[PDB]
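Following: one structure in structure tokens, then a few remarks.
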2 protein chains.
Amino acid sequence: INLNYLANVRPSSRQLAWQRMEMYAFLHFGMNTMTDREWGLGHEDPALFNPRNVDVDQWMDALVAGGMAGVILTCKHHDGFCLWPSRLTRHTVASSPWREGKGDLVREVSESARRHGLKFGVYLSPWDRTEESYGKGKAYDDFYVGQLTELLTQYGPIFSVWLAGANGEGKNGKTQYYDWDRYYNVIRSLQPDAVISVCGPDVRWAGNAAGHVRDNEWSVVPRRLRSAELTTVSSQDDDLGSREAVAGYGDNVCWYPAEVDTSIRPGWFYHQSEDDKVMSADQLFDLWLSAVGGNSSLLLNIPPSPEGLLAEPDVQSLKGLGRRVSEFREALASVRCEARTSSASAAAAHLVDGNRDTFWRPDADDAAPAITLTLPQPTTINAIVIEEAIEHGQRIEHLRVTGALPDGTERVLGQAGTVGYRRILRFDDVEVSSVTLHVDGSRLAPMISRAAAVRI
Amino acid sequence: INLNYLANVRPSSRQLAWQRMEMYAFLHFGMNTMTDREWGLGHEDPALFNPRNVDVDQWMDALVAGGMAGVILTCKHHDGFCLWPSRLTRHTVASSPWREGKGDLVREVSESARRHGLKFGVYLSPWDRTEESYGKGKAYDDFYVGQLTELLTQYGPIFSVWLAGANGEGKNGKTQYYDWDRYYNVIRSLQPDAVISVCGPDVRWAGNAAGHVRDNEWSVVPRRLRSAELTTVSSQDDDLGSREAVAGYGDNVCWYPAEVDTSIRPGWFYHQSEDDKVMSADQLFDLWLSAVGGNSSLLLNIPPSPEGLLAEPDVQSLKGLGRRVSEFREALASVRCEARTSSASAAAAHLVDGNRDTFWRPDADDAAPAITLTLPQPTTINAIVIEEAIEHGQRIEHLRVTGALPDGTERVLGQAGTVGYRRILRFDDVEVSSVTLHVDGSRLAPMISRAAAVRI
Ligand SMILES: CC(=O)N[C@@H]1[C@@H](O[C@@H]2O[C@H](CO)[C@H](O)[C@H](O)[C@H]2O)[C@H](O[C@@H]2O[C@@H](C)[C@@H](O)[C@@H](O)[C@@H]2O)[C@@H](CO)O[C@H]1O
Ligand SMILES: CC(=O)N[C@@H]1[C@@H](O[C@@H]2O[C@H](CO)[C@H](O)[C@H](O)[C@H]2O)[C@H](O[C@@H]2O[C@@H](C)[C@@H](O)[C@@H](O)[C@@H]2O)[C@@H](CO)O[C@H]1O
Ligand code: NA
Ligand code: NA
């Protein structure tokens, strides 16, 4: 096991810009919304696509109020109907009566995303149930690549290209062997800042669709994980990144951080029968604390109705999720403790200076690295937040948190494994004088760019 | 030919940062210096490595004076002797009398480069005439990855990893092949910002070691060039990227810009007999004008002597080189021209603000994109300098430049094909009132971040 190797695997600059987005939105919309399905059958009549009240500004307003950093639109789902006027097939909005055949929903969405300060990403299903070339090999690749080129060069900066693994062809279906390597070269060449996700090397599907977050989430994982979703370790395993899980891989490991994806409803597309099963503001806020406080990026889907609007319950939950995240952020930014450290005290101000590029790192011979955060007055708290300077790698393996009570006893307030981008370690309301964070397990010396004790 | 794909192939942000360096130094130094050889045989006595006056600060001052942005050290050449105390072999400085076995020349160079404002890069020869694992396959990959690991984690940020492709049979009669893809994973994981050069995807050997520069240099080229150093295309071919040369490749092309490498002496390592064969300031400045005015990076090797200093003639030529370059940059930044454009006047000021991140692009239906630069007084000029916003791709195919003389007549000054990072287009001295740059061939609308008219 070479810890100078493991402890120094680092995010690319596109991975690090992505990680700081934290939470962004999925928008599953199109033919499936019109036909009320989760998967379409292919060859749907384009006359079915006639939403009478498409209001992307209403979607974006609600995503801004929800604290979203960007939006990923389903520009072509498995059914093959394209939401832009592709020159490569007639199975698009141009063949539909929406906007008299002059519409381009990718343009409307990306333009409105930008006006509202949200990044824009594209979902482009490799699986296609309409396209005649699908199953033919190379001729389908050329079609796909030609569609990537349209999406990546006509609509401005793309932050994510999301490549779904789903394939329902079955034992007797069409067999298409995607030329993934040729697709990557296209994406890298045209949008080199974009992250290629799921069936791609930059961002890893966390391995469930229900919003479950691992107890420990390693961004440093075996390199074969980048092929997991493509065609025996699996995106689903609970343990991917522990010393024990990675040792036999040696250098054949990489930075490949997790994205937790889930829908606000049981389905990805809008179904009216799901209006009473829309996740609430607090269930969403809990998901957020859990994911964004658990080294996991959060991709939350909110499907527009066939009228072409986000439904009321969904807008209410998003408004409420954004109020909560925004009070959290406000709390973190305005708390004020004095920080003391077990060693390298000259750098203790880095833990509390509001600067994500400065960090504290204990001397290499410090046998028990610890941070103590002393509150200006005795205070009721119920979380600590801690961040690693993940530019420099992911190190922390165990963290134990203790609290000094005003009577002068101390309680073990809670423990966690991995930190990474951010750990929000939650516990019961408790009034304390100070907290100590015992970083008692690490892969070489940890680099900690923020620490705070907070009341959520 | 798909122009919508070609005109939109772009550099990664790491290739973009490397391009802004322009010129940086090679330092070939080590066992071969001590035995006065261009190639070592392997198994050299480590007592031979005993330079008496290693003074890397003296190297770095001379390189700063020469205008270099960085330096790339041969941390191990083909002979196999390591300039740092590697844990994977005893064929290193730890076995030599240099600093009584306690030296690390890699540490000395990288720390001095950093003090001097210079980036640091490493050359680590895959070919190894000493290492006993060479020729055994995976076991030599293990070794090599192990040494790459030391170099990429122990010495701060690395701007380039420069990989030469040569191979040989080992002491077992068998040829070593290299697990390239495995090496790239190491480099990408530990130093995400580094460019992997020559035998690597990010930076292309220009195809000669004589300082020759193509008339037209395309950074958009067939993707197979990335394997050329690992009729077929060669790195040496004159035409790699014209519409004719790339047409057949469709999207299997990429951003792979040229690096022109050459030595300030006939050999790469120092030889006392070559002290009277050091290229002069003027030769080196014509080389700079040619490469850095021809969309090529310049990598200039200056080898330290067996006593451990850059020799006087080398220092002197560096000094004069740096002076001419600095006069060039003065002429570039002190001309006060008014810029007018054939379309999109609102963006004209982007031509002259000295900012590489703003550019002018003519209207979609401007049929004759042109820039006229008006001098404050009739002035003698003998070059134009033009730079494309290469962040967005490389598009210019032909440029024609005319001059307006004070007597109201017009002269055709010169023409050039490619531009890329920068074209310096020189021509017979002439006094003009203004000059016009007619971009009369381009892959879609050109994007130009600087245009100037100068006296060199
Ligand atoms: C194991 C599993 O969840 N399988 C099917 C889903 O596909 C996986 O989806 C995830 C993303 O959650 C990832 O791409 C894997 O590579 C796929 O195998 C499937 O969901 C698909 O992804 C959704 C985001 C959505 O676009 C959906 O329409 C798409 O088919 C779901 C469909 O409900 O079925 C799973 O059984
Ligand atoms: C085609 C050629 O020049 N081959 C031999 C050189 O190798 C090429 O070096 C260039 C860089 O100029 C590039 O890596 C190619 O892929 C190599 O094939 C060879 O030079 C090697 O490169 C120098 C930078 C230097 O480090 C040298 O020691 C090393 O051998 C030279 C040796 O002089 O011979 C060529 O015939
Ligand atoms: Na900080
Ligand atoms: Na500019």
Side-chain angles (χ1 to χ4, degrees), chain A residues 26-30 32 37-40 72 74 76-79 123 125-127 162-168 197-200 203-211 228-231 234-236 259-263 266-269 299 301 303, chain B residues 26-30 32 37-40 72 74 77-79 123 125-127 162-167 197-200 203-211 228-230 234-236 259-263 266-269 299-301 303 339 347-360 387-389 447-452:
Chain A
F26 227 158
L27 286 173
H28 275 74
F29 191 64
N32 295 357
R37 307 171 57 96
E38 290 291 291
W39 282 6
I72 306 178
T74 67
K76 190 204 76 183
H77 209 257
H78 315 328
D79 57 279
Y123 175 114
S125 177
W127 188 28
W162 209 93
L163 302 177
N167 200 314
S197 303
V198 180
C199 294
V203 162
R204 176 173 36 89
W205 176 47
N208 78 99
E229 299 302 311
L230 296 196
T231 40
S234 329
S235 308
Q236 291 88 349
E259 186 185 68
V260 167
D261 62 314
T262 197
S263 188
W268 301 95
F269 290 86
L299 178 52
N301 178 78
Chain B
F26 226 155
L27 299 163
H28 278 67
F29 186 62
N32 294 2
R37 301 181 57 95
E38 276 293 290
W39 279 4
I72 299 182
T74 52
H77 208 265
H78 314 316
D79 58 277
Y123 164 119
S125 178
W127 193 16
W162 205 99
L163 297 184
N167 76 354
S197 297
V198 184
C199 292
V203 164
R204 173 172 47 87
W205 181 44
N208 70 94
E229 306 306 307
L230 312 198
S234 274
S235 304
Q236 285 93 345
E259 185 186 64
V260 163
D261 66 319
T262 198
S263 177
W268 288 99
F269 288 88
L299 167 56
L300 180 62
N301 169 78
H350 305 166
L351 290 171
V352 285
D353 62 0
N355 185 329
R356 62 197 184 211
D357 292 336
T358 64
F359 58 90
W360 165 83
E387 296 167 6
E388 279 178 272
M447 292 171 283
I448 298 151
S449 50
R450 184 194 306 258

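These values consider heavy atoms only, across backbone and side chains, with no hydrogens, waters or symmetry-generated copies. Both ligands and their constituent atoms are indexed starting at 1 by order of listing. A note on names: the letters A, B, ... follow the listed sequences, proteins ahead of strands, and every chain is numbered from 1.
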Q: Compare all side-chain heavy atoms of A:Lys76 with those of A:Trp127 and state whether any distance is below 4.5 angstrom.
A: no
Q | Backbone of B:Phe269 reached by a side-chain donor or acceptor of B:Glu38 within 3.5 Å | A | yes
Does ligand 2 have any N/O pairs with the protein under 3.5 Å, and how far apart?
| from | atom 1 | to | atom 2 | distance (Å) |
| --- | --- | --- | --- | --- |
| ligand 2 | 12 (O) | B:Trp205 | NE1 | 3.3 |
| ligand 2 | 12 (O) | B:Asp261 | OD1 | 3.4 |
| ligand 2 | 12 (O) | B:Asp261 | OD2 | 2.6 |
| ligand 2 | 16 (O) | B:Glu229 | OE1 | 2.5 |
| ligand 2 | 26 (O) | B:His28 | NE2 | 2.6 |
| ligand 2 | 26 (O) | B:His77 | NE2 | 3.2 |
| ligand 2 | 28 (O) | B:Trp39 | NE1 | 3.4 |
| ligand 2 | 28 (O) | B:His77 | NE2 | 3.0 |
| ligand 2 | 30 (O) | B:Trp39 | NE1 | 2.6 |

Q. For the Na ion (ligand 4), which protein N/O/S atoms are closer than 3.0 Å?
A. B:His350 O, B:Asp353 OD1, B:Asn355 O, B:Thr358 O, B:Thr358 OG1, B:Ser449 O
Q: Drop me the distance from B:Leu300's CG to B:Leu27's CG, to the nearest 0.5 angstrom.
A: 10.0 Å
Q) Short question: side chain of A:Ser235, backbone of A:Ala206 - any donor-acceptor pair under 3.5 Å? A) no
Q. Taking B:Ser449 for the side chain and B:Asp357 for the main chain, is one N or O donor matched with an acceptor at less than 3.5 Å?
A. no
(Q) Could you check whether any side-chain N or O of A:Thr262 sits under 3.5 Å from a backbone N or O of A:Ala209, counting only pairs where one atom can act as donor and the other as acceptor? (A) yes
(Q) Between B:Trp39 and B:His77, is there a side-chain heavy-atom distance shorter than 4.5 Å? (A) yes
Q) Quick check: does any side chain N or O of B:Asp261 sit under 3.5 Å from a backbone N or O of B:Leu299, one acting as donor and the other as acceptor? A) no
Q. Donor-acceptor pair, B:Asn32 side chain versus B:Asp79 backbone, under 3.5 Å?
A. no
